Structures are given as structure tokens and as C-alpha cells.
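S.K.: Take a look at the following structure, please.
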Amino acid sequence: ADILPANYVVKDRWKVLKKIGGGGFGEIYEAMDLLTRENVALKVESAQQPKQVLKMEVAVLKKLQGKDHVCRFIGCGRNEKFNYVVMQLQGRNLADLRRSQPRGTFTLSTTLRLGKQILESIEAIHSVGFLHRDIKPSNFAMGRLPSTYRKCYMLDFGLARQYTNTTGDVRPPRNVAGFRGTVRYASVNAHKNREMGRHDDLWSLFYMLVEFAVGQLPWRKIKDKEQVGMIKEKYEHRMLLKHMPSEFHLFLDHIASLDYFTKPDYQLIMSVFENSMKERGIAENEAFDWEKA
Ligand SMILES: CC[C@](C)(O)C#Cc1ccc2[nH]c3c(c2c1)-c1nc(N)ncc1CCC3
């Protein structure tokens, strides 16, 4: 039932090596580029799938070309069996890297520097008029080259939504929008099946950085969406910051002030990370936790 078999060649150029990811809505393969001789990510969608999502993912990827923390676009195409996108292959995701740490925690140095890169990638996708809507550690992957191995990349626009109309205006929110993303990092707004905004992506970032620094979130043992939302709705969020830099209160208060319509203050959040690093003498040039150094 895999869409492409091993050694299958796409457009006489991209040869399937193995499947590296799968879901309801498509599959991702590591392929060899028979022209350039590097390996690539080959993402495919069945031609016969009711929800045709990959054309939107490619439109977003193309709008982001030239930004940092974005996979290079290599090509795309469509035939009678599948649609496909070829993109730059990335490496280890942050969820696997965090689980590989002794106590499931990153240092504050690693946490804050990742936070700056993730924030940049979130502002970038927002700047081209899209919400990610499933910001989570497994959707960020470190690079796999000398030129990229300390760079963090945003993956999987499969749940993204355009929040502007054709002429650049904010579009009306639906009175109910079914939240179909991952439970652990979902905002209270997403839990309430409210239309998601730019602020909800920054809620996911907030929850991610607490889990990175502390090793856990209070609801991590609860998989049920409704239960987790009821736990978050009451949870005293300042408690999440007991063992975090005090600047994080400025981040919490700012995102708690936002609504669907309000452009976030990305700079205020960036300065929380930069001030937290400067207070603690954390340098940009520092080793990440997973490096020998
Ligand atoms: C960002 C643009 C797009 C087309 O929406 C996507 C994706 C995607 C969705 C699910 C995925 N799942 C995976 C990857 C991956 C990528 C992946 N991908 C790339 N480029 N290296 C490495 C990996 C890691 C292997 C798993």
C-alpha cells in the first residue's frame, strides 16, 4: 500500500531509497537525485485523494524560498497516480533529540537558541499569509551538512491555512473551526474549536520551550483532546515558568493579550530569548546539547 516502491524513479531523476514518513494524507521518501547526486526528500500524495493538500504545501514552500529555516524547493509535478514535491533533505527532529537527552531535557542554552530559530520560522510563514497550526518539536529538524548542522528547519505545512484573502486582508474567522492538530502543544483557543490565529502558533512555541527546559508538561500523560483542554484552561500558566527565566512572563503575558485579529509582537518575544541569553552569558556560537562539544 506504499504509493512508491523502492527504486521507483520519478521524472527519470529521483530514485526512491526508502519511506521516511507516512500519514493518512501522504508519504515522504528519501530519494537519490540522479542529476546532482545528493539525497532529497520526496513527498507524495495519491492523485485519487479527496483532500488535495500537497498543492497548498508547495505554494507555501515556494513563497518561503530565500528565508532561513526553510527547505530548498527542488521541483514538483503531478501525473495520474500521485502528486509530488522534491525538497532539501533534513536530519534529526527536535522531539527525537530531546528524548535522546538523559532526563529528556535540553539545557537553557540549547532551548533559547532553538526558540530564536523556531520564532523566526513562525514569523516567516505568517509573513506570507499562512498559519502552520501544528507547531511541535517533531516538525522541526536540524540540518545534515557542514553549512546547516546548527540550523533548525520548519517541516509539514499539511495542516496550514491561509489567514488572508486574495488582497492581503485578514479573513473572517469561522464561528467554529474543528481543531485537527496535535493535542500536547495546542492552545486553549484550538481546544475550544475556535478559528486559529498567529497567536496560537506562538502558544505552541511557548509550550514547546517549557517542555524543552523542564522535560515535561503537566498534561503529558493525558492523550484525550477534551481532557487536556480542560486541564490547560484552569492551569495557572505562570506556574509553568517557576524554573524558566523570569523574562518568559513577558512572552506569556503578550500571547495571552492576543486574539485572532491582532498581529503578534515577534520582536518582544525575540528580545525575551536574547535578554535571557545575555543575562546568562549564553553565546550564539555555543555547542547544542547533542554535539560532542
Ligand atoms: C515543509 C514543506 C512540506 C512540503 O509541507 C513538508 C513536509 C514534511 C512533512 C512530513 C515529513 N516527515 C518527515 C519529513 C517531512 C516533511 C522530512 N522532510 C525533510 N525535508 N527532510 C527530512 C524529513 C524527516 C523524515 C520525516
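Within each chain, counting starts at residue 1; across the C-alpha cells, chains are named A, B, ... in the order shown, with ligands numbered 1 upward in that order.
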Select from chain A every residue with an atom at most 7 Å from any atom of ligand 1, then for each give the shortest pair of atoms and their distance in Å to one decimal, using only C-alpha atoms and all ligand atoms, rows by chain and rising number, as a Markdown table.

M.R.:
```
| residue | atom | partner | partner_atom_place_in_ligand_line | distance |
| --- | --- | --- | --- | --- |
| A:20 | CA | ligand 1 | 25 (C) | 4.9 |
| A:21 | CA | ligand 1 | 26 (C) | 4.5 |
| A:28 | CA | ligand 1 | 12 (N) | 5.9 |
| A:41 | CA | ligand 1 | 20 (N) | 5.0 |
| A:43 | CA | ligand 1 | 4 (C) | 6.6 |
| A:54 | CA | ligand 1 | 4 (C) | 6.8 |
| A:57 | CA | ligand 1 | 5 (O) | 4.4 |
| A:58 | CA | ligand 1 | 4 (C) | 5.7 |
| A:61 | CA | ligand 1 | 2 (C) | 5.5 |
| A:71 | CA | ligand 1 | 20 (N) | 6.2 |
| A:85 | CA | ligand 1 | 4 (C) | 6.6 |
| A:87 | CA | ligand 1 | 20 (N) | 5.7 |
| A:88 | CA | ligand 1 | 20 (N) | 5.2 |
| A:89 | CA | ligand 1 | 21 (N) | 3.8 |
| A:90 | CA | ligand 1 | 21 (N) | 3.6 |
| A:91 | CA | ligand 1 | 22 (C) | 5.5 |
| A:141 | CA | ligand 1 | 22 (C) | 6.9 |
| A:154 | CA | ligand 1 | 1 (C) | 6.2 |
| A:155 | CA | ligand 1 | 1 (C) | 3.8 |
| A:156 | CA | ligand 1 | 7 (C) | 3.5 |
| A:157 | CA | ligand 1 | 5 (O) | 3.6 |
| A:158 | CA | ligand 1 | 5 (O) | 5.4 |
```

S.K.: Considering only C-alpha atoms, tabulate each residue of range 37-84 of chain A that lies at most 8 Å from range 119-140 of chain A along with its nearest interatomic pair and the corresponding distance in Å to one decimal; arrange the rows by chain and ascending residue number and present them as a Markdown table.

M.R.:
```
| residue | atom | partner | partner_atom | distance |
| --- | --- | --- | --- | --- |
| A:60 | CA | A:130 | CA | 7.6 |
| A:63 | CA | A:128 | CA | 6.6 |
| A:64 | CA | A:125 | CA | 7.0 |
| A:67 | CA | A:124 | CA | 7.2 |
| A:68 | CA | A:121 | CA | 7.5 |
| A:69 | CA | A:121 | CA | 5.9 |
| A:70 | CA | A:121 | CA | 7.6 |
```

S.K.: With distances taken over only C-alpha atoms, which of A:277, A:15, A:159, A:99 is nearest to residue 35 in chain A?

M.R.: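 With only C-alpha atoms as the atom set, the closest residue is A:15.
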
S.K.: Quick one, how far is CA of residue 111 in chain A from CA of residue 184 in chain A?

M.R.: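 The value is 17.9 Å.
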
S.K.: Rounded to one decimal, what separation in Å do you get between CA of residue 288 in chain A and CA of residue 108 in chain A?

M.R.: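 Computing it gives 10.3 Å between the two atoms.
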
S.K.: Identify, on the basis of only C-alpha atoms, every residue whose closest approach to residue 17 in chain A does not exceed 12 Å; exclude the query and any residue fewer than 4 positions from it along the same chain; express the result as a list in words.

M.R.: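 So the residues in contact are residues 4, 5, 6, 7, 8, 9, 10, 28, 29, 30, 31, 32, 33, 34, 39, 40, 41 and 42 of chain A.
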
S.K.: Export N, CA, C and O atoms of the chosen residues as a PDB file, in the first residue's frame?

M.R.:
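Produced file again-v6.pdb, reproduced below:
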```
ATOM      1  N   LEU A   4       4.856   4.698  -3.606  1.00  0.00           N
ATOM      2  CA  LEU A   4       6.057   4.424  -4.465  1.00  0.00           C
ATOM      3  C   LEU A   4       6.838   3.261  -3.883  1.00  0.00           C
ATOM      4  O   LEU A   4       7.075   3.205  -2.663  1.00  0.00           O
ATOM      5  N   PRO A   5       7.209   2.278  -4.731  1.00  0.00           N
ATOM      6  CA  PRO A   5       8.097   1.194  -4.326  1.00  0.00           C
ATOM      7  C   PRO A   5       9.574   1.594  -4.339  1.00  0.00           C
ATOM      8  O   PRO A   5       9.936   2.579  -4.993  1.00  0.00           O
ATOM      9  N   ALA A   6      10.395   0.845  -3.606  1.00  0.00           N
ATOM     10  CA  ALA A   6      11.853   1.064  -3.536  1.00  0.00           C
ATOM     11  C   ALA A   6      12.376   1.021  -4.970  1.00  0.00           C
ATOM     12  O   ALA A   6      11.890   0.170  -5.728  1.00  0.00           O
ATOM     13  N   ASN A   7      13.247   1.955  -5.317  1.00  0.00           N
ATOM     14  CA  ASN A   7      13.991   2.019  -6.599  1.00  0.00           C
ATOM     15  C   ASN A   7      13.093   2.614  -7.668  1.00  0.00           C
ATOM     16  O   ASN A   7      13.583   2.834  -8.773  1.00  0.00           O
ATOM     17  N   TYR A   8      11.844   2.931  -7.336  1.00  0.00           N
ATOM     18  CA  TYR A   8      10.964   3.643  -8.269  1.00  0.00           C
ATOM     19  C   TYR A   8      11.633   4.968  -8.615  1.00  0.00           C
ATOM     20  O   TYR A   8      12.134   5.673  -7.671  1.00  0.00           O
ATOM     21  N   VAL A   9      11.636   5.334  -9.893  1.00  0.00           N
ATOM     22  CA  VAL A   9      12.255   6.617 -10.367  1.00  0.00           C
ATOM     23  C   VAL A   9      11.160   7.613 -10.768  1.00  0.00           C
ATOM     24  O   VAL A   9      10.378   7.303 -11.679  1.00  0.00           O
ATOM     25  N   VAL A  10      11.195   8.810 -10.184  1.00  0.00           N
ATOM     26  CA  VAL A  10      10.277   9.938 -10.503  1.00  0.00           C
ATOM     27  C   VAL A  10      10.945  10.839 -11.519  1.00  0.00           C
ATOM     28  O   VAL A  10      12.068  11.257 -11.273  1.00  0.00           O
ATOM     29  N   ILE A  28       6.386  10.340   2.653  1.00  0.00           N
ATOM     30  CA  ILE A  28       7.666  11.043   2.434  1.00  0.00           C
ATOM     31  C   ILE A  28       8.732   9.952   2.278  1.00  0.00           C
ATOM     32  O   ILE A  28       8.701   8.971   3.074  1.00  0.00           O
ATOM     33  N   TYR A  29       9.559  10.095   1.247  1.00  0.00           N
ATOM     34  CA  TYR A  29      10.627   9.144   0.859  1.00  0.00           C
ATOM     35  C   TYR A  29      11.969   9.883   0.861  1.00  0.00           C
ATOM     36  O   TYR A  29      12.018  11.077   0.499  1.00  0.00           O
ATOM     37  N   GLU A  30      13.020   9.199   1.267  1.00  0.00           N
ATOM     38  CA  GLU A  30      14.395   9.604   0.912  1.00  0.00           C
ATOM     39  C   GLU A  30      14.677   9.072  -0.502  1.00  0.00           C
ATOM     40  O   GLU A  30      14.435   7.868  -0.749  1.00  0.00           O
ATOM     41  N   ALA A  31      15.081   9.944  -1.392  1.00  0.00           N
ATOM     42  CA  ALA A  31      15.407   9.586  -2.791  1.00  0.00           C
ATOM     43  C   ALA A  31      16.831  10.054  -3.118  1.00  0.00           C
ATOM     44  O   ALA A  31      17.310  11.086  -2.526  1.00  0.00           O
ATOM     45  N   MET A  32      17.455   9.399  -4.088  1.00  0.00           N
ATOM     46  CA  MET A  32      18.686   9.937  -4.695  1.00  0.00           C
ATOM     47  C   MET A  32      18.299  10.788  -5.892  1.00  0.00           C
ATOM     48  O   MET A  32      17.620  10.275  -6.815  1.00  0.00           O
ATOM     49  N   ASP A  33      18.895  11.967  -5.968  1.00  0.00           N
ATOM     50  CA  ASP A  33      18.886  12.839  -7.139  1.00  0.00           C
ATOM     51  C   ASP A  33      19.940  12.307  -8.122  1.00  0.00           C
ATOM     52  O   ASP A  33      21.109  12.489  -7.861  1.00  0.00           O
ATOM     53  N   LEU A  34      19.519  11.703  -9.225  1.00  0.00           N
ATOM     54  CA  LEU A  34      20.455  11.100 -10.193  1.00  0.00           C
ATOM     55  C   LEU A  34      21.162  12.176 -11.013  1.00  0.00           C
ATOM     56  O   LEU A  34      22.200  11.829 -11.665  1.00  0.00           O
ATOM     57  N   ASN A  39      21.099  13.158  -1.843  1.00  0.00           N
ATOM     58  CA  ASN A  39      19.776  12.606  -1.477  1.00  0.00           C
ATOM     59  C   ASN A  39      18.859  13.788  -1.152  1.00  0.00           C
ATOM     60  O   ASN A  39      19.380  14.921  -0.850  1.00  0.00           O
ATOM     61  N   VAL A  40      17.566  13.550  -1.339  1.00  0.00           N
ATOM     62  CA  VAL A  40      16.477  14.559  -1.219  1.00  0.00           C
ATOM     63  C   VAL A  40      15.296  13.909  -0.514  1.00  0.00           C
ATOM     64  O   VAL A  40      15.265  12.704  -0.395  1.00  0.00           O
ATOM     65  N   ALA A  41      14.359  14.754  -0.078  1.00  0.00           N
ATOM     66  CA  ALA A  41      13.042  14.351   0.428  1.00  0.00           C
ATOM     67  C   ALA A  41      12.041  14.437  -0.695  1.00  0.00           C
ATOM     68  O   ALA A  41      11.970  15.465  -1.338  1.00  0.00           O
ATOM     69  N   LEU A  42      11.320  13.351  -0.902  1.00  0.00           N
ATOM     70  CA  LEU A  42      10.308  13.242  -1.964  1.00  0.00           C
ATOM     71  C   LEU A  42       8.980  12.978  -1.284  1.00  0.00           C
ATOM     72  O   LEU A  42       8.801  11.875  -0.723  1.00  0.00           O
TER      73      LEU A  42
END
```

S.K.: What gap, in Å, lies between CA of residue 98 in chain A and CA of residue 243 in chain A?

M.R.: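 CA of residue 243 in chain A lies at a distance of 17.7 Å from CA of residue 98 in chain A.
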
S.K.: Determine, counting only C-alpha atoms, which protein, DNA and RNA residues have an atom within 8 Å of an atom of residue 263 in chain A; residues of the same chain fewer than 2 positions away are not included. Present the result as a list in words.

M.R.: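 Residues near the query, excluding close chain neighbours: residues 198, 199, 258, 261 and 265 of chain A.
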
S.K.: Please return as a ChimeraX atom specification: the residues of range 30-96 of chain A that backbone DSSP assigns to strand (DSSP E or B).

M.R.: /A:30-33,39-46,73-78,82-88,93

S.K.: Could those residues be written to a file, using N, CA and C atoms, as a JSON list (two decimals), in the first residue's frame?

M.R.:
```json
[["chain", "number", "residue", "atom", "x", "y", "z"],
["A", 30, "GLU", "N", 13.02, 9.20, 1.27],
["A", 30, "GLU", "CA", 14.40, 9.60, 0.91],
["A", 30, "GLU", "C", 14.68, 9.07, -0.50],
["A", 31, "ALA", "N", 15.08, 9.94, -1.39],
["A", 31, "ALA", "CA", 15.41, 9.59, -2.79],
["A", 31, "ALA", "C", 16.83, 10.05, -3.12],
["A", 32, "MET", "N", 17.45, 9.40, -4.09],
["A", 32, "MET", "CA", 18.69, 9.94, -4.70],
["A", 32, "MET", "C", 18.30, 10.79, -5.89],
["A", 33, "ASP", "N", 18.89, 11.97, -5.97],
["A", 33, "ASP", "CA", 18.89, 12.84, -7.14],
["A", 33, "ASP", "C", 19.94, 12.31, -8.12],
["A", 39, "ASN", "N", 21.10, 13.16, -1.84],
["A", 39, "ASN", "CA", 19.78, 12.61, -1.48],
["A", 39, "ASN", "C", 18.86, 13.79, -1.15],
["A", 40, "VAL", "N", 17.57, 13.55, -1.34],
["A", 40, "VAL", "CA", 16.48, 14.56, -1.22],
["A", 40, "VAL", "C", 15.30, 13.91, -0.51],
["A", 41, "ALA", "N", 14.36, 14.75, -0.08],
["A", 41, "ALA", "CA", 13.04, 14.35, 0.43],
["A", 41, "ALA", "C", 12.04, 14.44, -0.69],
["A", 42, "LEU", "N", 11.32, 13.35, -0.90],
["A", 42, "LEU", "CA", 10.31, 13.24, -1.96],
["A", 42, "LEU", "C", 8.98, 12.98, -1.28],
["A", 43, "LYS", "N", 8.13, 13.99, -1.25],
["A", 43, "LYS", "CA", 6.81, 13.96, -0.60],
["A", 43, "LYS", "C", 5.70, 13.76, -1.64],
["A", 44, "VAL", "N", 4.86, 12.75, -1.43],
["A", 44, "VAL", "CA", 3.87, 12.31, -2.45],
["A", 44, "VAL", "C", 2.46, 12.27, -1.85],
["A", 45, "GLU", "N", 1.48, 12.47, -2.72],
["A", 45, "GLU", "CA", 0.03, 12.45, -2.37],
["A", 45, "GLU", "C", -0.65, 11.65, -3.46],
["A", 46, "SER", "N", -1.52, 10.73, -3.12],
["A", 46, "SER", "CA", -2.27, 9.94, -4.11],
["A", 46, "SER", "C", -3.11, 10.90, -4.97],
["A", 73, "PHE", "N", 13.36, 24.37, -2.18],
["A", 73, "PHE", "CA", 12.46, 23.74, -3.16],
["A", 73, "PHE", "C", 13.31, 23.21, -4.31],
["A", 74, "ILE", "N", 13.10, 21.97, -4.73],
["A", 74, "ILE", "CA", 13.86, 21.35, -5.85],
["A", 74, "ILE", "C", 12.92, 21.15, -7.06],
["A", 75, "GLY", "N", 11.73, 20.61, -6.88],
["A", 75, "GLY", "CA", 10.77, 20.51, -8.00],
["A", 75, "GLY", "C", 9.44, 19.97, -7.56],
["A", 76, "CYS", "N", 8.51, 19.84, -8.47],
["A", 76, "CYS", "CA", 7.16, 19.32, -8.17],
["A", 76, "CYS", "C", 6.55, 18.87, -9.47],
["A", 77, "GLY", "N", 5.54, 18.07, -9.36],
["A", 77, "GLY", "CA", 4.83, 17.56, -10.54],
["A", 77, "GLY", "C", 3.63, 16.74, -10.15],
["A", 78, "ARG", "N", 2.89, 16.32, -11.15],
["A", 78, "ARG", "CA", 1.56, 15.71, -10.99],
["A", 78, "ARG", "C", 1.33, 14.84, -12.21],
["A", 82, "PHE", "N", -0.04, 10.00, -8.70],
["A", 82, "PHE", "CA", 0.40, 10.78, -7.50],
["A", 82, "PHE", "C", 0.84, 12.18, -7.89],
["A", 83, "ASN", "N", 0.76, 13.09, -6.93],
["A", 83, "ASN", "CA", 1.38, 14.43, -6.94],
["A", 83, "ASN", "C", 2.64, 14.34, -6.07],
["A", 84, "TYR", "N", 3.64, 15.16, -6.35],
["A", 84, "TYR", "CA", 4.91, 15.06, -5.60],
["A", 84, "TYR", "C", 5.56, 16.41, -5.48],
["A", 85, "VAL", "N", 6.41, 16.51, -4.47],
["A", 85, "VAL", "CA", 7.30, 17.68, -4.25],
["A", 85, "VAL", "C", 8.64, 17.09, -3.90],
["A", 86, "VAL", "N", 9.67, 17.69, -4.45],
["A", 86, "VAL", "CA", 11.06, 17.36, -4.10],
["A", 86, "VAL", "C", 11.60, 18.54, -3.34],
["A", 87, "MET", "N", 12.22, 18.28, -2.20],
["A", 87, "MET", "CA", 12.78, 19.32, -1.33],
["A", 87, "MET", "C", 14.07, 18.82, -0.68],
["A", 88, "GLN", "N", 14.78, 19.76, -0.10],
["A", 88, "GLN", "CA", 16.03, 19.53, 0.64],
["A", 88, "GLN", "C", 15.76, 18.55, 1.78],
["A", 93, "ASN", "N", 14.91, 15.32, 14.17],
["A", 93, "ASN", "CA", 13.86, 16.26, 14.65],
["A", 93, "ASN", "C", 14.07, 16.54, 16.14]]
```

S.K.: Between A:188, A:202, A:240, A:268, which one has atoms that come closest to residue 226 in chain A, using only C-alpha atoms?

M.R.: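 For residue 226 in chain A, the nearest of the candidates is A:188.
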
S.K.: Write out as a PDB file with N, CA, C and O atoms, in the first residue's frame the residues lying within 12 Å of residue 207 in chain A, counting only C-alpha atoms and excluding same-chain residues fewer than 5 positions away.

M.R.:
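Contents of selection-v5.pdb, freshly written:
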```pdb
ATOM      1  N   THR A 111      17.828  25.374  24.530  1.00  0.00           N
ATOM      2  CA  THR A 111      16.384  25.722  24.491  1.00  0.00           C
ATOM      3  C   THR A 111      16.230  27.132  23.889  1.00  0.00           C
ATOM      4  O   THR A 111      15.381  27.309  23.008  1.00  0.00           O
ATOM      5  N   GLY A 115      14.629  28.282  20.336  1.00  0.00           N
ATOM      6  CA  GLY A 115      13.484  29.194  20.397  1.00  0.00           C
ATOM      7  C   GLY A 115      13.617  30.352  19.425  1.00  0.00           C
ATOM      8  O   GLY A 115      12.647  30.632  18.711  1.00  0.00           O
ATOM      9  N   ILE A 135       2.487  23.449  15.178  1.00  0.00           N
ATOM     10  CA  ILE A 135       3.859  23.708  15.693  1.00  0.00           C
ATOM     11  C   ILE A 135       4.102  22.714  16.829  1.00  0.00           C
ATOM     12  O   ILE A 135       3.309  22.674  17.783  1.00  0.00           O
ATOM     13  N   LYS A 136       5.140  21.895  16.701  1.00  0.00           N
ATOM     14  CA  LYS A 136       5.501  20.852  17.686  1.00  0.00           C
ATOM     15  C   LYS A 136       6.922  20.416  17.404  1.00  0.00           C
ATOM     16  O   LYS A 136       7.415  20.637  16.283  1.00  0.00           O
ATOM     17  N   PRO A 137       7.617  19.861  18.398  1.00  0.00           N
ATOM     18  CA  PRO A 137       9.043  19.574  18.262  1.00  0.00           C
ATOM     19  C   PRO A 137       9.333  18.670  17.029  1.00  0.00           C
ATOM     20  O   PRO A 137      10.373  18.863  16.398  1.00  0.00           O
ATOM     21  N   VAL A 183      -2.399  17.265  20.173  1.00  0.00           N
ATOM     22  CA  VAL A 183      -3.053  17.733  21.444  1.00  0.00           C
ATOM     23  C   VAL A 183      -2.040  18.505  22.325  1.00  0.00           C
ATOM     24  O   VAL A 183      -2.409  19.612  22.895  1.00  0.00           O
ATOM     25  N   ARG A 184      -0.828  17.982  22.510  1.00  0.00           N
ATOM     26  CA  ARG A 184       0.029  18.389  23.677  1.00  0.00           C
ATOM     27  C   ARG A 184       0.302  19.894  23.626  1.00  0.00           C
ATOM     28  O   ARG A 184       0.297  20.481  24.658  1.00  0.00           O
ATOM     29  N   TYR A 185       0.539  20.469  22.431  1.00  0.00           N
ATOM     30  CA  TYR A 185       1.028  21.860  22.263  1.00  0.00           C
ATOM     31  C   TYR A 185      -0.086  22.772  21.749  1.00  0.00           C
ATOM     32  O   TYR A 185       0.216  23.906  21.494  1.00  0.00           O
ATOM     33  N   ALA A 186      -1.336  22.300  21.692  1.00  0.00           N
ATOM     34  CA  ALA A 186      -2.476  23.108  21.226  1.00  0.00           C
ATOM     35  C   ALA A 186      -2.831  24.190  22.262  1.00  0.00           C
ATOM     36  O   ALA A 186      -2.809  23.931  23.491  1.00  0.00           O
ATOM     37  N   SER A 187      -3.100  25.381  21.775  1.00  0.00           N
ATOM     38  CA  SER A 187      -3.606  26.495  22.592  1.00  0.00           C
ATOM     39  C   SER A 187      -5.013  26.182  23.126  1.00  0.00           C
ATOM     40  O   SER A 187      -5.758  25.345  22.554  1.00  0.00           O
ATOM     41  N   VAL A 188      -5.411  26.906  24.166  1.00  0.00           N
ATOM     42  CA  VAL A 188      -6.772  26.793  24.721  1.00  0.00           C
ATOM     43  C   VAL A 188      -7.782  27.210  23.652  1.00  0.00           C
ATOM     44  O   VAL A 188      -8.813  26.553  23.566  1.00  0.00           O
ATOM     45  N   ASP A 200      -1.884  31.485  18.150  1.00  0.00           N
ATOM     46  CA  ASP A 200      -1.972  30.047  18.532  1.00  0.00           C
ATOM     47  C   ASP A 200      -0.682  29.339  18.163  1.00  0.00           C
ATOM     48  O   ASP A 200      -0.285  28.417  18.879  1.00  0.00           O
ATOM     49  N   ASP A 201      -0.039  29.730  17.076  1.00  0.00           N
ATOM     50  CA  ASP A 201       1.270  29.144  16.715  1.00  0.00           C
ATOM     51  C   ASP A 201       2.308  29.503  17.812  1.00  0.00           C
ATOM     52  O   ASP A 201       3.183  28.654  18.151  1.00  0.00           O
ATOM     53  N   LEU A 202       2.226  30.707  18.375  1.00  0.00           N
ATOM     54  CA  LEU A 202       3.162  31.178  19.438  1.00  0.00           C
ATOM     55  C   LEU A 202       2.824  30.520  20.765  1.00  0.00           C
ATOM     56  O   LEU A 202       3.769  30.186  21.477  1.00  0.00           O
ATOM     57  N   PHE A 212      10.969  21.655  26.675  1.00  0.00           N
ATOM     58  CA  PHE A 212      12.425  21.535  26.386  1.00  0.00           C
ATOM     59  C   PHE A 212      13.233  21.764  27.663  1.00  0.00           C
ATOM     60  O   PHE A 212      14.156  21.003  27.935  1.00  0.00           O
ATOM     61  N   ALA A 213      12.913  22.814  28.414  1.00  0.00           N
ATOM     62  CA  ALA A 213      13.750  23.264  29.558  1.00  0.00           C
ATOM     63  C   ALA A 213      13.455  22.414  30.784  1.00  0.00           C
ATOM     64  O   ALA A 213      14.354  22.220  31.575  1.00  0.00           O
ATOM     65  N   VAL A 214      12.209  21.977  30.943  1.00  0.00           N
ATOM     66  CA  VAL A 214      11.714  21.364  32.197  1.00  0.00           C
ATOM     67  C   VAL A 214      11.636  19.855  32.020  1.00  0.00           C
ATOM     68  O   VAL A 214      11.673  19.188  32.983  1.00  0.00           O
ATOM     69  N   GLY A 215      11.498  19.382  30.789  1.00  0.00           N
ATOM     70  CA  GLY A 215      11.465  17.943  30.456  1.00  0.00           C
ATOM     71  C   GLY A 215      10.064  17.396  30.340  1.00  0.00           C
ATOM     72  O   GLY A 215       9.939  16.222  30.018  1.00  0.00           O
ATOM     73  N   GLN A 216       9.028  18.200  30.636  1.00  0.00           N
ATOM     74  CA  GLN A 216       7.645  17.688  30.674  1.00  0.00           C
ATOM     75  C   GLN A 216       6.674  18.848  30.669  1.00  0.00           C
ATOM     76  O   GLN A 216       7.065  19.936  31.119  1.00  0.00           O
ATOM     77  N   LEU A 217       5.445  18.578  30.269  1.00  0.00           N
ATOM     78  CA  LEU A 217       4.272  19.462  30.549  1.00  0.00           C
ATOM     79  C   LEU A 217       3.318  18.748  31.490  1.00  0.00           C
ATOM     80  O   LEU A 217       3.311  17.532  31.590  1.00  0.00           O
ATOM     81  N   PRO A 218       2.500  19.491  32.244  1.00  0.00           N
ATOM     82  CA  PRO A 218       1.690  18.872  33.295  1.00  0.00           C
ATOM     83  C   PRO A 218       0.684  17.827  32.777  1.00  0.00           C
ATOM     84  O   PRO A 218       0.281  16.993  33.564  1.00  0.00           O
ATOM     85  N   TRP A 219       0.263  17.952  31.522  1.00  0.00           N
ATOM     86  CA  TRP A 219      -0.790  17.116  30.888  1.00  0.00           C
ATOM     87  C   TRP A 219      -0.190  15.998  30.037  1.00  0.00           C
ATOM     88  O   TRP A 219      -0.988  15.349  29.345  1.00  0.00           O
ATOM     89  N   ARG A 220       1.112  15.713  30.125  1.00  0.00           N
ATOM     90  CA  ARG A 220       1.777  14.877  29.078  1.00  0.00           C
ATOM     91  C   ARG A 220       1.226  13.442  29.106  1.00  0.00           C
ATOM     92  O   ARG A 220       1.183  12.816  28.049  1.00  0.00           O
ATOM     93  N   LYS A 232      -5.637  22.505  30.659  1.00  0.00           N
ATOM     94  CA  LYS A 232      -4.950  23.760  30.279  1.00  0.00           C
ATOM     95  C   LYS A 232      -5.795  24.981  30.691  1.00  0.00           C
ATOM     96  O   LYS A 232      -5.209  26.050  31.039  1.00  0.00           O
ATOM     97  N   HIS A 237      -0.719  29.342  34.362  1.00  0.00           N
ATOM     98  CA  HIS A 237       0.379  29.225  33.376  1.00  0.00           C
ATOM     99  C   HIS A 237       1.674  29.841  33.925  1.00  0.00           C
ATOM    100  O   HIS A 237       2.770  29.387  33.504  1.00  0.00           O
ATOM    101  N   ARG A 238       1.595  30.812  34.837  1.00  0.00           N
ATOM    102  CA  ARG A 238       2.818  31.374  35.462  1.00  0.00           C
ATOM    103  C   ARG A 238       3.574  30.256  36.185  1.00  0.00           C
ATOM    104  O   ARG A 238       4.760  30.399  36.336  1.00  0.00           O
ATOM    105  N   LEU A 240       4.143  27.330  35.094  1.00  0.00           N
ATOM    106  CA  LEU A 240       4.963  26.668  34.051  1.00  0.00           C
ATOM    107  C   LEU A 240       6.356  27.302  34.055  1.00  0.00           C
ATOM    108  O   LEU A 240       7.278  26.680  33.478  1.00  0.00           O
ATOM    109  N   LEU A 241       6.480  28.520  34.604  1.00  0.00           N
ATOM    110  CA  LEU A 241       7.701  29.347  34.451  1.00  0.00           C
ATOM    111  C   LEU A 241       8.534  29.350  35.751  1.00  0.00           C
ATOM    112  O   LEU A 241       9.565  30.056  35.781  1.00  0.00           O
ATOM    113  N   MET A 244      11.845  28.601  34.773  1.00  0.00           N
ATOM    114  CA  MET A 244      12.214  29.255  33.479  1.00  0.00           C
ATOM    115  C   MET A 244      12.745  30.659  33.764  1.00  0.00           C
ATOM    116  O   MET A 244      12.480  31.238  34.821  1.00  0.00           O
ATOM    117  N   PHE A 248      10.365  35.149  30.600  1.00  0.00           N
ATOM    118  CA  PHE A 248       9.291  34.375  29.972  1.00  0.00           C
ATOM    119  C   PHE A 248       7.910  34.892  30.389  1.00  0.00           C
ATOM    120  O   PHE A 248       6.959  34.648  29.644  1.00  0.00           O
ATOM    121  N   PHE A 251       6.653  37.093  27.583  1.00  0.00           N
ATOM    122  CA  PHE A 251       6.181  36.204  26.478  1.00  0.00           C
ATOM    123  C   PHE A 251       4.761  35.731  26.803  1.00  0.00           C
ATOM    124  O   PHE A 251       3.825  35.996  25.998  1.00  0.00           O
ATOM    125  N   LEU A 252       4.563  35.138  27.987  1.00  0.00           N
ATOM    126  CA  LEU A 252       3.248  34.613  28.411  1.00  0.00           C
ATOM    127  C   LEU A 252       2.185  35.728  28.355  1.00  0.00           C
ATOM    128  O   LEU A 252       1.044  35.495  27.814  1.00  0.00           O
ATOM    129  N   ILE A 255       1.288  36.888  24.709  1.00  0.00           N
ATOM    130  CA  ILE A 255       0.473  35.979  23.871  1.00  0.00           C
ATOM    131  C   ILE A 255      -0.914  35.836  24.496  1.00  0.00           C
ATOM    132  O   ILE A 255      -1.869  35.710  23.749  1.00  0.00           O
TER     133      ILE A 255
END
```

S.K.: Have a look at A:16, A:170, A:118, A:3 and name the one nearest to residue 208 in chain A; count only C-alpha atoms.

M.R.: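 When distances to residue 208 in chain A are compared using only C-alpha atoms, the smallest one comes from A:118.
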
S.K.: Name the residues of range 140-267 of chain A that come out as helix (DSSP H, G or I) in a backbone DSSP run; write them as number ranges by chain.

M.R.: A: 188-191, 198-214, 225-234, 237-241, 248-257, 266-267

S.K.: I need the residue nearest residue 95 in chain A from this list: A:279, A:211, A:247, A:2. Use only C-alpha atoms for the distance.

M.R.: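 Closest residue, counting only C-alpha atoms: A:211.
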
S.K.: Considering only C-alpha atoms, return as JSON, numbers by chain whatever protein or nucleic-acid residues lie within 12 Å of residue 113 in chain A, sequence-local ones (same chain, fewer than 2 positions apart) excluded.

M.R.: {"A": [106, 107, 108, 109, 110, 111, 115, 116, 117, 118, 119, 120, 150, 151, 152, 209, 212, 213, 270, 271, 272, 273, 274, 275, 276, 277, 278, 282, 283, 284, 285, 286, 287, 288, 289]}

S.K.: Compare A:80, A:169, A:259, A:233 by their minimum atom-to-atom distance to residue 191 in chain A, counting only C-alpha atoms, and give me the closest one.

M.R.: A:233
